[PDB]
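Form deposited in one PDB entry, single chain, as structure tokens, below.
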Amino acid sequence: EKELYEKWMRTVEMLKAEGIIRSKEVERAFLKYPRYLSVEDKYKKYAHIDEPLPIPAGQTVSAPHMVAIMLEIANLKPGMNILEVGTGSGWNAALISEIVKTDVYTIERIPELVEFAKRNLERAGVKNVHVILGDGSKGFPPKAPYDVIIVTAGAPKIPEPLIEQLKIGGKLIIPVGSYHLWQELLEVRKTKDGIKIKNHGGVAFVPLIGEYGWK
């Protein structure tokens, strides 16, 4: 693990030099929870490479720069109430929890991954992350409204439930476009002056499958 962490520190330094990681909060989160903690043993040797990696059930853990970009856009602060849609390995949720210092809610539709993520989080000593099995395109009403909702799967359009569950002034970060390609990373802010949207570039996440996602 010592060798793996050395490589990871270089990755974080690189992201900072690239201007990808720009806040100390995101840098600290990345250093506390290296990506190798979230992937199967056979992929740990590649955890420091800035590329997405496979996880069970045909899904993947995002590339380090993509996770960093989304966290920086989120502008997370202690005490915020965050909902992540698409737990996967639980890596992103762990990072979020380190920054907000409170309960984080994350939803995953595949039972196998709910278990996978729970094991990774427990193994890493994370307690504030709460993994729920369900259709995240419907959000998670029990703990709404949220300061930020971070969706890590691509949707064909912006799910209305996610907008409804945002606090006034809150934001939704979500990929919108085609099934598994040609998606645009959107930053959607819910304000009194209306819904404001900023496009952040092309991406290619796994599809958001659900009632308000893909069929």
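One-based numbering along the sequence shown. Rigid core (definition): largest C-alpha set, two forms, superposition within 1.5 Å.
For the pair 1 to 9 and 205 to 213, the mean Cα B-factor is higher in 1 to 9.
Look at the mean CA B-factor for 62 to 70 and for 186 to 194 in the entry; the higher one is 186 to 194. Looking only at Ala124, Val129, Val100, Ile107, the residue with the top Cα B factor in the deposited structure is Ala124. For the set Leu166, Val39, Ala29, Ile173, the maximum C-alpha B-factor listed in the entry falls on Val39. Remark: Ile49 belongs to the middle third of its chain, ranked by C-alpha B-factor as recorded.
Sort the chain's modelled residues by C-alpha temperature factor and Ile150 lands in the lowest third, per the entry.
In the PDB entry, a CA B factor belonging to the middle third of its chain's modelled residues is recorded for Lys138.
The next section is about a form of this same protein that is not shown, the form deposited in another entry.
The only C-alpha among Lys44, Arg189, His180, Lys167 that moves by 2 Å or more between the shown form and the other one, given a superposition on the rigid core, is that of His180.
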